Every structure is written in structure tokens, then in C-alpha cells.
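Chemist: Residue numbers (the deposited numbering), protein chains in the order written: chain D, 1 to 121; chain C, 1 to 121; chain B, 1 to 121; chain A, 1 to 121.
There are 4 protein chains.
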Amino acid sequence: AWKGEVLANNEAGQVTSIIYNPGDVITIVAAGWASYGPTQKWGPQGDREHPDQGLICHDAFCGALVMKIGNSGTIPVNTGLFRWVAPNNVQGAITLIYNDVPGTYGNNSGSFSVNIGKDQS
Amino acid sequence: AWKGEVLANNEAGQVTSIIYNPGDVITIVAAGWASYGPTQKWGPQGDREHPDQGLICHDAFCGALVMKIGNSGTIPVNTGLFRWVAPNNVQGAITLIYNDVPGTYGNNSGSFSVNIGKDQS
Amino acid sequence: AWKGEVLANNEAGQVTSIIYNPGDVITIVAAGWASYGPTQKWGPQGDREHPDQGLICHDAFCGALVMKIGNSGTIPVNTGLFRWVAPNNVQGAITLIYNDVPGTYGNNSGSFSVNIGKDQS
Amino acid sequence: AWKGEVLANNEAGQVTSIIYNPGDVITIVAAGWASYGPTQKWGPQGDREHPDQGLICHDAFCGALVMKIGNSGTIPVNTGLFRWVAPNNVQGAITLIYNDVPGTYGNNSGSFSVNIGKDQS
Ligand SMILES: OC[C@H]1O[C@H](O)[C@H](O)[C@@H](O)[C@H]1O
Ligand SMILES: OC[C@H]1O[C@H](O)[C@H](O)[C@@H](O)[C@H]1O
Ligand SMILES: OC[C@H]1O[C@H](O)[C@H](O)[C@@H](O)[C@H]1O
Ligand SMILES: OC[C@H]1O[C@H](O)[C@H](O)[C@@H](O)[C@H]1O
Ligand SMILES: [Ca+2]
Ligand SMILES: [Ca+2]
Ligand SMILES: [Ca+2]
Ligand SMILES: [Ca+2]
Numbered sequence: 001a002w003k004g005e006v007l008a009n010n011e012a013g014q015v016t017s018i019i020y021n022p023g024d025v026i027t028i029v030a031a032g033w034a035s036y037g038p039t040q041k042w043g044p045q046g047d048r049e050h051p052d053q054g055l056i057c058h059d060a061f062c063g064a065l066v067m068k069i070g071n072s073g074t075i076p077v078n079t080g081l082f083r084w085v086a087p088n089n090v091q092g093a094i095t096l097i098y099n100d101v102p103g104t105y106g107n108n109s110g111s112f113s114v115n116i117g118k119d120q121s
Numbered sequence: 001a002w003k004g005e006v007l008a009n010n011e012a013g014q015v016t017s018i019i020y021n022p023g024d025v026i027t028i029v030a031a032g033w034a035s036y037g038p039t040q041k042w043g044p045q046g047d048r049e050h051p052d053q054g055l056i057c058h059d060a061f062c063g064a065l066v067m068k069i070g071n072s073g074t075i076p077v078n079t080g081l082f083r084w085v086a087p088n089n090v091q092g093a094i095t096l097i098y099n100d101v102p103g104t105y106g107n108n109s110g111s112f113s114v115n116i117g118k119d120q121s
Numbered sequence: 001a002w003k004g005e006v007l008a009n010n011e012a013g014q015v016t017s018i019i020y021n022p023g024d025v026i027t028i029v030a031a032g033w034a035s036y037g038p039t040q041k042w043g044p045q046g047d048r049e050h051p052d053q054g055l056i057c058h059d060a061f062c063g064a065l066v067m068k069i070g071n072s073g074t075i076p077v078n079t080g081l082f083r084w085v086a087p088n089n090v091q092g093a094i095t096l097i098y099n100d101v102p103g104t105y106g107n108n109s110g111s112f113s114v115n116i117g118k119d120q121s
Numbered sequence: 001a002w003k004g005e006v007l008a009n010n011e012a013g014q015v016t017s018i019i020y021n022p023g024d025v026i027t028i029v030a031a032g033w034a035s036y037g038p039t040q041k042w043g044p045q046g047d048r049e050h051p052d053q054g055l056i057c058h059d060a061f062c063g064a065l066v067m068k069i070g071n072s073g074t075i076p077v078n079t080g081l082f083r084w085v086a087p088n089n090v091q092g093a094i095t096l097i098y099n100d101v102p103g104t105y106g107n108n109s110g111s112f113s114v115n116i117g118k119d120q121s
């Protein structure tokens, strides 16, 4: 299992120790408070009012938690994944990432605390 | 395992099929958008910019997801619980509850989708 | 999870720390060598070439591992149960027992080693 | 998980759909009756009274269930493995094999039924 923090201002995100292998079932729980610039903070689902101005993940709000598995495209995590299995032919290390516009992470703040584990399968 | 909705304006909470028994380990993941009044909506962590005016759970923000197990006091859930074990002498039906001030539920809207599962022990 | 030994000579059997509750999924793995009287020893499946002369469990061979959940009747365990749900409504402490005819346990010998845990549900 | 059968006269063994990966925890439960040549049949622990005359696994009796993980050596399975981690960092597909002397499988009969699953990690 893996337990850690994902920094909102980290454009490259956080490569965890979790290698998602074919057939794996995983569970992720994410918590905390982060900002993509404003004084205000949002949780791992991000800001439902802010427009997508070129986000690394277009299927989640600005300020949401997302991930990559190996060299996959971005996949929404939001508050977490419950006994989740990946789409075909997706595998590799899980990288966790705050959803913002590339080049605009510098004014970000806060973090999410995240637990990942493998479930029975 | 249980999957269901928890309505923000339901003061009674939502009873799930989950009976928490001594020794049980559980995982909860909660998602979605709800309001305790304002036209704006918050995820399962609630509104961190709002004061506690006599909330059912003082250990969570207003608009947060909370729970009771049998006749326990309120326990925070927020975005979820990862492989969690209850305090001794806490057991019975899990009821999920939106965190608000009692009697002020009428102006609430939205809801959270919540998965609960028992883990290996 | 529980690990312990079940003696062939114990007509009372072995209480475990596992309480089976409705909806629980369990796994048991049993190993070792025992006898209901003969010099030869058998594993937890017992002796397939021996007639049933009034065994505590008619659905398993003489010398097999069986169990009770609370005050249920006997349920075969044999070498174990993989991610098993009680097919009947039963509840309570699992007790493990060597399958022999009551009062004939005085010539029995050996024991089985047994692991039991609850699985995700 | 994988649910299948292992035939006593299959010298190569049965390749399963389970790929053991680094960090995996597995549970195996095996049942049934088989023979390495005699009339009698034995369970997945094999015959504790038969000498080792060059068995493919020296850590298990003749007629026992064993396996290989990738190009590992033979690993005893017997009645099964409870929440088990592979030693020495072995990894790869799990192949299940009846323990007998190489070239003497031709007179074998019966089978074991086997369940394999991955556990939480
Ligand atoms: O839309 C994303 C964008 O939102 C605001 O304009 C922020 O101040 C920028 O840093 C960037 O995060
Ligand atoms: O702080 C609790 C309180 O918050 C706001 O004022 C809402 O209008 C009320 O309905 C109540 O939910
Ligand atoms: O059938 C059961 C019976 O089997 C033999 O007769 C044994 O010697 C007895 O002690 C009893 O275990
Ligand atoms: O020791 C193993 C050996 O045992 C007997 O002699 C069998 O007939 C052989 O086929 C072989 O399985
Ligand atoms: Ca920004
Ligand atoms: Ca309200
Ligand atoms: Ca006896
Ligand atoms: Ca043979």
C-alpha cells in the first residue's frame, strides 16, 4: 500500500510505489484542501464553477485529483476509487497529479492526503 | 457492500444495509455535490469557510458527510475511510448523515453517492 | 484472522476468535495428519474408504475437519473454504471439530492446523 | 481469481490465469483425490508413507499439490496457502503440478480442484 501527499503546486505530480498490474483491483481515498490560485481552497473534486482553460484532465474540474497509470492519459480520481479495475491494457506505476493548466502550477497551494491499496481479486 | 445516495435535506440520514460488527474493517468512498443552503455546493468535506453553529458533528465542517453506527455519536466520514476500525463497543447499522444544524435541513439540496465495503480481517 | 490447532481426540473441538456474522465471507485453510483409530493418518478430508457409523457430520468422511457456526449443525470444512458465505442463516463463534463417532474419540491421535480469516464483502 | 483443476497425470502442470507480481499476497485452497499409481487415492498433501524416489518437489510428499511461479523452483502447496507472499522475490505465471517422479506420471489418476485468489496488499 501507499500513503502520502500530493502537492497542488507540483506540475509533475507524485509517482507512488503502486504498480498497477493487469487484473488488479484498487482502492484510493483522498482528502484535504488545495488551491489552483485563489485564496479559497477546494477538495479533491476541485472547483465545479471554474472553466476548463486547458487542464491536464478534461474529465475533472480544475483543482481535482487525477492520475496516470504508466504512460496512460489522465484518469479522474476525485475523492477516490472504490474497488476499481482499470480499462484494458493500462498498467504501470500510479502517478497522482493535481489538475491545473500546464504552466500555471506556480501559484497553487495546499495538498491532498491519499491512501492507495490493492484489494482482493 | 452497499452503494447508495445520501440526501442533503434528510435530517434522519440514510440507513445502509451495512451492520458494523466487532472486529470489522471497512472502506467508504463518498462523492458528489451538496448544499446546506447557499446556491453554491460542496463535496463530502463540506464548507471550511463556514462556522459551527451547533452541527450534529463538531468534528466535521458543515456540509460534510458523517455517520452513526448503531446508537453511537456522530463520526466524521468526509471523502471516506480507508481500512477503518471503530472504537470498542461501537456496533450496529451504519446510518449516513449530511452534517448540518438540527432543524435547518429544509433549505438543503443535492446528495452524495457512497460506497461502503467490508475489508479483509 | 485466527490460527490454531484442532486435536483429533477432543470431542469438544476448538473455539476460535472468529465470529461469523450475516453477510461475512470467510476463507479457511487446514493442514496436518490425524487418525480416528488406525495406525495410518489422514489429512483434513478424512478417510474416503470408511463407512459412516454415526459421525457428527454425515456430509464429510470419518476423520475430516468440520465446524459449527454458533449452535449450527456441523458444516464440512475439509481442506478449507475459499471465499465462502454461509448458505443458511447462521451466526456465532466458529468452533472446529474432528469428525468421529461420539464417545469413540479415545483412540484418536494427531491434529490439524487451521487458518481462518474474513474476506472482503 | 482462478478456479480450475489439476490432473494427476499432467506432468507439465496447468498454467493458471494468475500472474504473481511483486508485492502480491495470494490464497490457495485445494481439494480432491488423486493417485500416483496405486489403487488408493490421497488428498493434496499426498502420501506421507511413500518414500521420495526423485519427486519434482522434495519439500512435499508424493501425490502432493505443488506449483511454480514463473521460472521458480517447485513450491509446495499441499491443501493451500493462507495470505502468502512468495519468497526471494519470485514472480510470473503460477503453474499448478501434481508431485510425482519425472517420467512416472503415465499411471496417475484423479485430480484436485484449486482456487487461487489475490488478497489485500
Ligand atoms: O484555469 C486555471 C487558472 O486559473 C486561474 O486563472 C489561476 O490563477 C491560474 O494559475 C490557473 O490555475
Ligand atoms: O450553519 C448552519 C446554517 O448555515 C446556513 O445559515 C443555512 O442557511 C442554515 O440552513 C444552516 O444550514
Ligand atoms: O467409524 C468410526 C470408528 O472407526 C473405527 O471403528 C474406530 O476404531 C472407532 O474409534 C471410530 O472412530
Ligand atoms: O515414487 C513414485 C512412483 O511410485 C510408484 O512406484 C508409482 O507406480 C510410480 O509411477 C511412481 O509414481
Ligand atoms: Ca494555478
Ligand atoms: Ca441548512
Ligand atoms: Ca475413534
Ligand atoms: Ca506415477
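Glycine included, C-beta positions come from ideal geometry on N, C-alpha and C.
(1) Would you give the residue range spanned by the beta strand (DSSP E) that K3 of chain D belongs to?
(2) Would you call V85 of chain B buried or exposed, if buried means 16 or more other Cβ atoms sit within 10 Å of its Cβ?
(3) For chain A, check one thing: does any of its Cβ atoms lie closer than 9 Å to the Cβ of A86 of chain B?
(4) Measure from the alpha carbon of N9 of chain B to the alpha carbon of each residue in B:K118, B:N115 and B:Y98, then state which is nearest.
(5) Is the shortest distance between the beta-carbon of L81 of chain B and the beta-carbons of chain A less than 9 Å?
(6) Can the beta-carbon of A12 of chain C be found less than 9 Å from the beta-carbon of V114 of chain C?
(7) For chain D, check one thing: does any of its Cβ atoms lie closer than 9 Å to the Cβ of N21 of chain A?
(8) Between the stretch 104-113 of chain B and the stretch 35-51 of chain B, do at least 3 Cβ pairs fall closer than 8 Å?
(9) Closer than 6 Å between the C-beta and any heavy atom of ligand 5: which residues qualify, listed along the chain?
(10) Between the Cα of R83 of chain A and the Cα atoms of B:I75, B:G43 and B:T27, which residue gives the shortest distance?
(11) Given a threshold of 16 other Cβ atoms within 10 Å of its Cβ, counted over all protein chains shown, does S111 of chain D qualify as buried or as exposed?
(12) Can you name the residues that DSSP bridges to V15 of chain C?
(13) If we count Cβ pairs, one from each stretch, closer than 8 Å, do we get three or more for the stretch 15-23 of chain C versus the stretch 64-76 of chain D?
(14) What in chain D is Cβ-close to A30 of chain C, meaning under 9 Å?
(15) For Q53 of chain A, collect the residues of the same chain with a Cβ closer than 6 Å to its Cβ; drop the 5 residues on either side in sequence, then sort them by chain order.
(16) What does the Cβ neighbour count give for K3 of chain D, buried or exposed, with the cut at 16 atoms within 10 Å?
(17) According to DSSP, what are the bridge partners of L65 of chain C?
(18) Please decide whether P44 of chain B counts as near chain A, where near means a Cβ-Cβ distance under 9 Å.
(19) In chain order, what residues of the same chain have a beta carbon less than 7 Å from the beta carbon of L81 of chain D, not counting five sequence neighbours either side?
(20) Taking DSSP as the reference, what is the three-state secondary structure of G103 of chain C?
(21) Since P76 of chain B and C62 of chain B should fall inside the 8 Å C-beta cutoff, what is the C-beta to C-beta distance between them, to a whole number of angstroms?
(22) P76 of chain C bridges to which residues according to DSSP?
(23) Nearer than 8 Å: is that true of the beta carbon of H58 of chain A relative to any heavy atom of ligand 3?
Modeler: This is what the structure gives:
(1) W2 to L7
(2) exposed
(3) no
(4) B:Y98
(5) yes
(6) no
(7) yes
(8) yes
(9) D:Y36, D:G37, D:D100, D:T104, D:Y105, D:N107 and D:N108
(10) B:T27
(11) buried
(12) C:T95
(13) no
(14) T79 and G80
(15) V101
(16) exposed
(17) C:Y98
(18) yes
(19) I26, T27 and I28
(20) coil
(21) No, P76 of chain B and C62 of chain B are not in contact; Cβ-Cβ is about 12 Å, not under 8 Å.
(22) C:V66
(23) no
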